[PDB]
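# Residue-level structure breakdown
Letter by letter, the chains look like this.
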Amino acid sequence: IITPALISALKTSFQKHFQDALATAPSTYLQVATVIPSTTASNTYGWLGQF
Amino acid sequence: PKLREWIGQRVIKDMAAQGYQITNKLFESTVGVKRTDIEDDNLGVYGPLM
């Protein structure tokens, strides 16, 4: 009645659920924020002080 | 210029010996990197900047 297959199916269903939810999440920070990816130990980014 | 009517005469273009002297100019800009974030591998910056 309960097997790892059922747990994996529920995991995939939840994955799809909240992936769809997040993909449609409202965006408001991008209006007044700048997105900057980082890879490791990122603490300094010297584009500031330049106009 | 406009189509002119014959009166037994000829009319050549009017305006001549004049100019405007636009005097084109030049513009530039520059940006920096600070040489620090390269070590940190924070190369995400400078994409949206450019």
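Look above for the structure.
Here goes a summary of the coordinates provided.

Scanning chain B for helices and strands turns up one helix and zero strands. Its C-alpha atoms give chain B a radius of gyration of 30 Å, clearly above 10 Å, the size a compact globule of 50 residues would have. Overall, the C-alpha framework of chain B stretches about 85 × 20 × 5 Å when taken along its three principal axes. Going through the 50 residues of chain B one by one, you find that 14% of them count as buried.

A few words now on the overall build of chain A. A count of helices and strands for chain A gives two helices and zero strands. Computed over C-alpha atoms, the radius of gyration of chain A comes to 20 Å, more than 25% over the 10 Å expected from 2.2 N^0.38 for 51 residues, which places it beyond the range of a compact globule. Sorting the 51 residues of chain A into buried and exposed places 2% on the buried side. For chain A, the accessible surface area stands at approximately 4,800 Å², while carbon and sulfur atoms represent 66% of it.

Between chain A and chain B, the residue contacts involve 14 residues of the former and 14 residues of the latter. For the pair chain A and chain B, the summed buried surface comes to about 1,000 Å²; carbon and sulfur atoms form 51% of the total. For chain A, the biggest contributors to the area lost against chain B are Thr44, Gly46 and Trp47 of chain A; these three give 40% of the whole. Our count for the chain A to chain B interface comes out at zero salt bridges. Its residues assigned to classes, the side of chain A that touches chain B comprises six nonpolar, eight polar and no charged.

Parameters and conventions
- Every chain here is numbered from 1 following its written sequence, a scheme that can differ from the numbering in the entry; residues without coordinates are not drawn.
- The order in which chains are written sets their letters, starting at A; the order in which ligands are written sets their numbers, starting at 1.
- Note that these chains sit within a larger assembly, yet all values were taken from the shown part only.
- As a rule here, side-chain values cover all heavy atoms of the structure and leave hydrogens and water aside.
- Put simply, DSSP H or I for four residues or longer makes a helix, DSSP E for two residues or longer makes a strand, and each gets a number counted from the N terminus.
- Radius of gyration: over C-alpha atoms. The globule rule applied is 2.2 Å multiplied by the number of residues raised to the 0.38 power.
- Relative accessibility decides the category of a residue: with a 1.4 Å probe and only protein chains considered, values under 20% of the type maximum give buried, values over 50% give exposed, and everything between is partly exposed.
- Only the protein chains shown count as cover for residues, and all accessible areas are computed by the Shrake-Rupley method using a 1.4 Å probe.
- Contact criterion: two residues are considered in contact whenever any of their non-hydrogen atoms come within 4.5 Å of each other.
- By convention, the term buried area covers the 1.4 Å-probe accessible surface removed from two parts as they join, with the contributions of both added.
- In what follows, salt bridge is the name for a side-chain nitrogen of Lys or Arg lying within 4 Å of a carboxyl oxygen of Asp or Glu.
- For this classification, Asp, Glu, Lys and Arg are treated as charged, while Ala, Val, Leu, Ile, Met, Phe, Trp, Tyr, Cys and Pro are nonpolar and the rest, including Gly, are polar.

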